[PDB]
Structure formats: C-alpha cells, structure tokens
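Computed over heavy atoms, backbone and side chain alike; hydrogens, waters and symmetry mates excluded. Nothing fancy with the numbering, it's 1 onward along the sequence.
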Amino acid sequence: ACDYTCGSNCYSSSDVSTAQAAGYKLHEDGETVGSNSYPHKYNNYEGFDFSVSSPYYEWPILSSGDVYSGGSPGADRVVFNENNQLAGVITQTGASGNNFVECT
Ligand SMILES: Nc1nc2c(ncn2[C@@H]2O[C@H](CO)[C@@H](O)[C@H]2OP(=O)(O)O)c(=O)[nH]1
C-alpha cells in the first residue's frame, strides 16, 4: 500500500523495511556510504515524538525501489535506532530550509 507519503513519494511498509535493513546492517558493520556518510546520526532538532529510544540514525530511502548505495540521497529518510526499531519515515519535501517533516 501507500503506507507512507513523503511529499509526492509513496512507500509501502516493505519499502521501509528493506531500506531500514540495509542501513542497520551498515551501522552494525561500522561501514558508511556516500559523501554524507550514511548511516549517520539523526539529531531530532525537529523534536518528533518518536516512540522508540535515541540515538537515532538516518538512512536514505529511494523512490525508485533501489536501495541506497552511495549516490544522490534525495529527500526521504528512514530513521531507526540502535535496536533496529523504526522511529519514523521523514522527508525534506514540504519543509523549509534543511528541515524535515514526517511522512504521513
Ligand atoms: N533538519 C535536520 N537535519 C539533521 C538532523 N540530524 C542530522 N541532520 C542532517 O544535517 C543536515 C542539516 O544540515 C540535513 O540536511 C541532514 O542531513 P542529511 O542531509 O544527510 O539528512 C536533524 O535532526 N535535523
């Protein structure tokens, strides 16, 4: 289904799980990909009410269905924690500056 709506992008729960699984694996192997060194810390400056606990890590989710491998990140991110719990799916689309809004 279109479980999450990130601006004009639609993600299924399976899209979110595959993206999360890939970010976590890299987090746990101590490796990073891309210019922005993904997965990195998501600081929660927006102050979202994530049910799960901090430190939070952000990883790009691609609208194409491709899993992120170091290229252009895009607007959308999966946010997970240290226990691989999903905190949320966020996007820079619809937010001003370099801020994020939550995907609905
Ligand atoms: N808006 C925002 N950006 C964060 C936070 N933690 C890390 N960032 C990263 O810092 C940049 C803002 O300078 C954002 O584009 C973002 O990187 P990503 O682009 O890699 O998502 C945070 O909580 N809030």
Side-chain angles (χ1 to χ4, degrees), residues 1-48 50-104:
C2 184
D3 292 316
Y4 302 92
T5 314
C6 291
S8 50
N9 302 310
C10 255
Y11 300 101
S12 78
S13 277
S14 300
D15 298 328
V16 177
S17 274
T18 303
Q20 194 187 151
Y24 193 71
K25 167 69 167 51
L26 280 209
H27 171 49
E28 251 20 277
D29 284 343
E31 281 170 325
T32 59
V33 289
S35 281
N36 296 353
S37 305
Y38 297 100
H40 70 239
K41 196 152 171 281
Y42 179 63
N43 294 119
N44 207 10
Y45 305 134
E46 279 81 10
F48 300 125
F50 295 151
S51 301
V52 308
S53 73
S54 136
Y56 298 127
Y57 302 88
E58 50 163 297
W59 174 258
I61 183 172
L62 300 178
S63 65
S64 65
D66 273 330
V67 163
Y68 189 75
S69 69
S72 192
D76 308 336
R77 311 283 177 266
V78 152
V79 180
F80 58 90
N81 81 5
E82 202 65 61
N83 302 127
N84 199 190
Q85 297 179 115
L86 172 76
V89 192
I90 55 172
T91 189
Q92 287 200 337
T93 311
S96 56
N98 294 303
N99 307 144
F100 296 79
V101 280
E102 269 177 301
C103 296
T104 61

Could you give me the CA-CA distance, side-chain angles and deciding distance for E82 and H27, then say whether side-chain contact (heavy atoms from CB on, under 4.5 Å) is met?
CA-CA 9 Å; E82 202 65 61; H27 171 49; 2.8 Å; yes
Taking the side chain as every heavy atom from C-beta outward, state whether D3 and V16 have any pair of such atoms under 4.5 Å apart.
no
Cluster question for you: counting only ILVMFWY and a side-chain heavy-atom cut-off of under 4.5 Å, with indirect links fine, are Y11 and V78 together?
yes
Taking ring-ring contact (aromatic ring centres under 6.0 Å, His included) as the cut-off, I'd like each qualifying pair that reaches into residues 81-104, sequence neighbours left out, listed once.
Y42-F100
For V67 and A22, the nearest pair of non-hydrogen atoms, with its separation, is CG1-CB, 3.6 Å
Main-chain N/O of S12 paired to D15 side chain as donor or acceptor, under 3.5 Å:
yes
Regarding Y24 and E28, is there a side-chain donor-to-acceptor distance under 3.5 Å anywhere?
yes
Show the numbers, then the answer: is there a side-chain contact (heavy atoms from CB on, under 4.5 Å) between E46 and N99?
CA-CA 7 Å; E46 279 81 10; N99 307 144; 3.6 Å; yes
Strictly under 6.0 Å, is that where the ring centroids of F80 and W59 end up?
no
Is any side-chain heavy atom of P39 less than 4.5 Å from a side-chain heavy atom of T32?
yes
Quick one: do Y38 and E58 satisfy side-chain hydrogen bond (donor to acceptor under 3.5 Å, both in side chains)? Show the steps, please.
CA-CA 7 Å; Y38 297 100; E58 50 163 297; 5.0 Å; no
Which residue pairs satisfy the disulfide bond (SG atoms under 2.5 Å apart) criterion with at least one member in residues 55-104, sequence neighbours excluded?
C6-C103
Would you say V89 ends up clustered with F48 if hydrophobic residues are merged whenever their side chains have heavy atoms under 4.5 Å apart, either directly or through other cluster members?
no
Quick one about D76 and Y4 (side-chain donor to acceptor, distance below 3.5 Å, no hydrogens or angles considered), yes or no?
no
Where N9 and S63 come nearest, the two heavy atoms and their spacing:
OD1-CB, 3.4 Å
Considering non-hydrogen atoms only, spot the tightest contact between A95 and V101 and give its length.
CB-CG1, 4.0 Å
For the student: nearest non-hydrogen atoms of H40 and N36, plus distance
ND1-O, 2.9 Å
Locate the shortest heavy-atom distance separating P60 from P73; write the atom from each residue and the value.
CB-O, 3.6 Å
Cluster check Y68, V79: I/L/V/M/F/W/Y, side chain < 4.5 angstrom:
no
Which value, rounded to the nearest 0.5 Å, describes the distance between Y56 atom OH and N44 atom CG?
6.0 Å
What's the shortest heavy-atom distance between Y57 and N81, and which atoms?
CD1-C, 4.3 Å
I would like to know whether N83 and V52 meet side-chain contact (heavy atoms from CB on, under 4.5 Å); could you show each step before the answer?
CA-CA 9 Å; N83 302 127; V52 308; over 6 Å; no
Rounded to the nearest 0.5 Å, what's the gap from OG1 on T18 to CG on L62? Could you check?
12.0 Å
